[PDB]
Structures are given as structure tokens and as C-alpha cells.
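By written order: A, B, C, D, E, F, G, H, I, J, K, L, M, N, O and P. Residues from 1 in each chain.
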Amino acid sequence: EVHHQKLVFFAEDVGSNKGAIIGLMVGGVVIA
Amino acid sequence: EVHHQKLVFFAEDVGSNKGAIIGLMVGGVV
Amino acid sequence: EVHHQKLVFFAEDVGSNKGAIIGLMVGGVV
Amino acid sequence: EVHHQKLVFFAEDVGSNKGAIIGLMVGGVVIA
Amino acid sequence: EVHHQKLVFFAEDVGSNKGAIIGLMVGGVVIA
Amino acid sequence: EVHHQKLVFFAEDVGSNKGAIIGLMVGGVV
Amino acid sequence: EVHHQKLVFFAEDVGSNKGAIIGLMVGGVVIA
Amino acid sequence: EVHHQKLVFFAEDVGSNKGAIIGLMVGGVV
Amino acid sequence: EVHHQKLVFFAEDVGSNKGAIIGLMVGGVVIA
Amino acid sequence: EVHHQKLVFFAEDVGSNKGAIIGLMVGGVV
Amino acid sequence: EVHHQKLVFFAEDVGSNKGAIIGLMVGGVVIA
Amino acid sequence: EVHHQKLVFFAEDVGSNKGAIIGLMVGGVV
Amino acid sequence: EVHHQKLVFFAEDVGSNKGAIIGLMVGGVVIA
Amino acid sequence: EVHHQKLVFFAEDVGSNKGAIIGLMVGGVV
Amino acid sequence: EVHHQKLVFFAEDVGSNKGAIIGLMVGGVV
Amino acid sequence: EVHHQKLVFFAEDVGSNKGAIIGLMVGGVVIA
């Protein structure tokens, strides 16, 4: 009933930042 | 009963800045 | 009831961050 | 009673980061 | 090179339509 | 190289329309 | 090389209209 | 060379329609 | 050299449809 | 050496269907 | 040289289709 | 060297398509 | 009645990490 | 009667990272 | 009345990782 | 009694990690 969805991403660029690929394709469908 | 959805991206800055590739397609429908 | 969906990724760069691939293709149908 | 899923991924790049693949293809369906 | 991804669903009602659940949780992730 | 995605949905309510539940979570990250 | 994404819902009306439940979460992200 | 995916679902409801569930959980990575 | 994956489902009701559940859980992970 | 998967499922309900479950669970790694 | 995986199931009802459960679980690994 | 794997299952009932549970578990490691 | 499925994978490389291929093709099906 | 499903992957590097191929292709159909 | 499904794999490299072929084709229907 | 499945595998290398072949074909079938 209580949808508790928590997405936490940690990126500690202590050396040299760049660019990682993160795709959040979290999709939920329910009959109305 | 609420939909408590939390999305957090913690990016640390210590080196040469650039840019991440994040795509948010999180969706829901009832 | 609570639908506890916790997704957590820890990426720690201590040398030279580049870019990994994290594809969260998590879905549901009712 | 209810779904309780938790995905925890640890990536400690102490040397030199690169690019690993993490495919989370989780899909569940139910008839209402 | 063409990535041909065809998704076709044919629902034909001749009596009394209601509501079927079709969930396309198709995704992909690639290193760049 | 040339992404050709064709999503064609056919719904011919010749009797009595209502409400089908279609969920499209098609997403790709590169 | 273009992303030709075609999405179409053909709903025929011959009975009593109501309303479908469609969730369009189609997307994507690449290095730009 | 390239990917060729074809998903064709036929649902001919001559009588009374209801609610069938089609779960397309397809995920590929590289 | 093309990955040809075709999935076809033929559901034909001539009396009274209900709730057939089909789950297509297909995935794959690679590195080339 | 490209994978050629073809799945064909025929469901002919001359009387009336209730609830059948077809599970396709296929995964490969390279 | 290719891989031909053809899965075909025939389900014909002439009175009352209750519904069966057909689970197709196939997996393959390889280093290329 | 082409691999041919074709699974054909028949299930026709002229009375009551009860149905049972069939498990096709096939795994190949290279 | 209370499903407790847990997958724990350890990848400790203290030299030159390459990356193993882990295919978690876990599927489940049941008639409702 | 809770469905407790936890997946934990511990990837530790102390020299040089590369690219692991982790595929969590899990699916359930009811 | 708990269903215990514990899968644990330990991979430790003290020289030079290469990457094993770990395929967990776990299929379970009821 | 309630299903108790436990799969433990150890892969240690102190010289040069290799691509060990591990295939777990688990097949579970039971009536509901």
C-alpha cells in the first residue's frame, strides 16, 4: 500500500571526476 | 498510504569535474 | 503494508573515476 | 503480505576506475 | 545498421472490452 | 546505429469500450 | 543515423467510451 | 551487425473481454 | 550477423476471455 | 553465429479461458 | 553457425480452458 | 555447426483444458 | 509462505581487477 | 508472509578496475 | 514456514583477476 | 518441510584468477 522506493547513488570522485552511465528505467503499471 | 519515492545522487568533488550520464525514467501509474 | 524497494550503489573513486554502467531496468505489472 | 527487495552494490575503486556492467533486469508481473 | 525493434499488440473487441494489462519492461544498458 | 522502434497498439472496441492497462517502460542507456 | 521512435495507439470507438490506462515511460540517455 | 527484435501479440476477443496479463521483461546489456 | 529474436503469441477467444498470464523474462549480459 | 530465437505460442479458446500461465525464463551470458 | 532456438506450444480448448503452467527455463554461458 | 533446438508441445482438450505443470529446464555452459 | 531469497557475491581483487561474468537467470512462475 | 529478497555484490579493487559483467535477470510471474 | 534460497559465491584474487563464467540458471515453477 | 536451498561455491586464486566455468541448472517443479 505504502510504496517506499528509495534509490541512493554514491559517487565519491576523490581522484578525478568523469561520467558514469546510470539508467533508471523503474516503471510500474497497475490496472485502474 | 503515500508513495514515498526518493532519488538521490551524491557526487563528490575532489578531482577534475566532468559530468555523469544519468537517465530518470522512473514512472508509475495506477 | 510497505513495499520496501531499496536500491543503493556505492562507487568510491580514490584514483581516477571513469564511468561504469548501471542499468536499473526494474519493472512491475499488475 | 508485501514485497521487500533490496539491492546493495559495493564498488571500491582504490586503484583506477573504469567501466563495469551492472544490469538489473528485475521484472515481476501479477494478474489483478 | 538499423536496430529494428517492433512491438505490436492487437486487441480486437467484438463483445465487451474491459482492460488487459500489457507491461513492456524492455530496457538496455551499454558502456560508453 | 539507426534505432528504429515501432510501437503500434491496436484496440478496436466494436462492442463496448473500457480501459486497457498498457505500461511502456522501454528505456535504454548508453 | 537517427532515433526513429514511433508510438501510436489505435483506439476504435463502436461501443460506450470510457478511457484506457496508458503509462508512457519510454526514454533513454546517451553521452552528449 | 545489428539487433532485430519482433514482438507480435494477437488478442482476438470475440466474446467478453476481461484482463489478461502480458509481462515483457526483456533486458540486454553490453 | 543479426540477432533475430521474434516472439509471437496468438490468443483467440470465441466465447469468454479472462486472465491468461504470460511472462517473458529474457535477459543477457555481455562484454566484447 | 548470431542467436535466432523464435517463440510461437498458440492459444485457441473455443469455449472460454480462465487463467493459464506461460513462463519464459531465458538468460545468457557472454 | 547460428543458434536456432524454436519454442512452439499448441493450446487448443473446445469447452473450458482452466489454464496450465508451462515453464521454459533455459540458460547459456560462454566466453567469447 | 548450427545448433538446432526446437521444442514442440501439443495440448488439445475437447472437454476441460485443465492443464498441468511442465518444466523445461535446459542449461548449456561453454 | 515467507520467501527468503538472498544472493551474496564476493569479488575481492587485490591485484588487477578484470571482472567476472555472473548471470543470475532466476525465474519463477505460478498459476493464480 | 513478506517476500524478503536481497542481492548484495561486493566489488573491491586495490590495483586497477576494468569491467565486470553482472546480470541480475530475475523475473517472477503470478 | 520460510523458503530459504541462499546463493553465495566467493571470488578472491590476490594476483590478476580474469573473470569466471558464473551462470545461475535457476528455474522454478509451481 | 519448507524449502531450504543453499548453494555455496568458493573460487580463490593467489596467482592468476581464471575464467572458471560454473553452470547451476536448477530445476524446481511442484503442483500448487
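For the reader, a short list of remarks on this structure follows.
Everything that follows uses one rule, which is that contacts are C-beta pairs under 8 Å (C-beta built on N, C-alpha and C of every residue); 3 or more make two chains touch, one makes a residue touch a chain.
Note on D-I: its contact pairs, compared by residue number with those of A-G, D-M or M-P, agree for more than half at A-G. Between the chain pairs K-P and A-F, more C-beta pairs are in contact across A-F.
Rounded to whole angstrom, the centroid-to-centroid distance between chain E and chain G, based on C-alpha atoms, equals 10 Å.
If each chain is reduced to the centroid of its CA atoms, chain B and chain L end up 42 Å from each other. With each centre defined as the average position of its C-alpha atoms, the distance from chain C to chain J rounds to 30 Å. Chain contacts: chain H has residues 1-30 touching two or more partner chains.
Looking at chain M, one finds that residues 1-32 touch two or more other chains. Interface residues of chain H facing chain C in the complex, by the touch rule stated above, are 21, 23, 25, 27, 29. Taken together, the chain D residues at the contact with chain N in this complex read 1-31.
If you check the complex, the residues on chain D that touch chain M are 15, 20, 30-31.
By the touch criterion given at the top, residues 21, 23, 25-32 of chain D touch chain H in their complex. The residues of chain O lying in touch with chain P in their complex are 1-30.
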